[PDB]
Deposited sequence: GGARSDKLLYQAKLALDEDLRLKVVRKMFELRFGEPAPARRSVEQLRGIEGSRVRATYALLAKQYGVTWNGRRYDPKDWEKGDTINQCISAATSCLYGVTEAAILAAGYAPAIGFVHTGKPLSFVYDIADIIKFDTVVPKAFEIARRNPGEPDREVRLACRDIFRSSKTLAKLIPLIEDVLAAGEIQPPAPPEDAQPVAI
């Protein structure tokens, strides 16, 4: 049974038609919009990246934070340290959700080649709902230990929001967009 899940995910990830269907669904869930037609996975990654750049810049204004772009070496200025703390917290739960669904964190679609490539793919869909805003909220608060405050706040988001449980069907929905009968 776990083998069947892994073989399904790998099938999707290795077929260019199926990979694009999955990436299109990731885009659709991220933005609430059908993915633009006649665009490759690389083109969709570029469009997502320019929208994300714009989202960070708007959040910076909305929280009064000085900002030129996302940048980090865990370490950086306060805001970038906060964002890293928050997204790393989310990567942990996202990995648990991927494992819960029987899939491999390492086998991605938009991201590839790293231990958490599929984690990056999935976390990116939802990270702007509350996780990245919370990083900006903490940075603006400027508390004594901002990374710890981010961790505390994100653990509470995931506990209260049932993030893990909700991610599991989301991951299955993303893969089901390949239109291959799921396990």
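Please list, in sequence order, every stretch of the deposited sequence that lacks C-alpha coordinates.
No C-alpha for residues 1 to 2, 76 to 79, 190 to 200.
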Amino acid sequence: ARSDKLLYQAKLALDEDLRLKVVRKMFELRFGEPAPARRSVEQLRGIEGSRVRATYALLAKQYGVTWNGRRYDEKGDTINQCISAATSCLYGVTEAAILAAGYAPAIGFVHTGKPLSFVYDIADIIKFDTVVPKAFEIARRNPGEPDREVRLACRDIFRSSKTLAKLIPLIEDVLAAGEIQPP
From here on, numbers count along this sequence of modelled residues.
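Please compare 106 to 114 with 93 to 101 and say which has the higher mean C-alpha temperature factor in the record.
If you average the C-alpha B-factors of 106 to 114 and of 93 to 101, the larger mean comes out for 106 to 114.
Comparing 117 to 125 with 32 to 40, which stretch shows the greater average C-alpha B-factor in the deposited entry?
Mean CA B-factor is higher for 32 to 40.
Out of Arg151, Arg53, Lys134, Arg141, whose C-alpha atom has the biggest B factor in the entry?
Going by the entry's C-alpha B-factors, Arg141 comes out highest.
Just say lowest, middle or highest third for the CA B-factor of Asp173 relative to the other modelled residues in its chain.
Its C-alpha B-factor, which the entry lists for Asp173, ranks in the middle third among residues of this chain.
So where's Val65 on the chain's Cα temperature factor ranking, which third?
For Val65, the deposited C-alpha B-factor lands in the highest third.
What third of its chain's C-alpha B-factors does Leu164 belong to: lowest, middle or highest?
Lowest third - that is where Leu164 ends up once the chain's C-alpha B-factors are sorted.
Record-listed C-alpha B factor of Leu14: chain third:
CA B-factor rank for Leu14: highest third.
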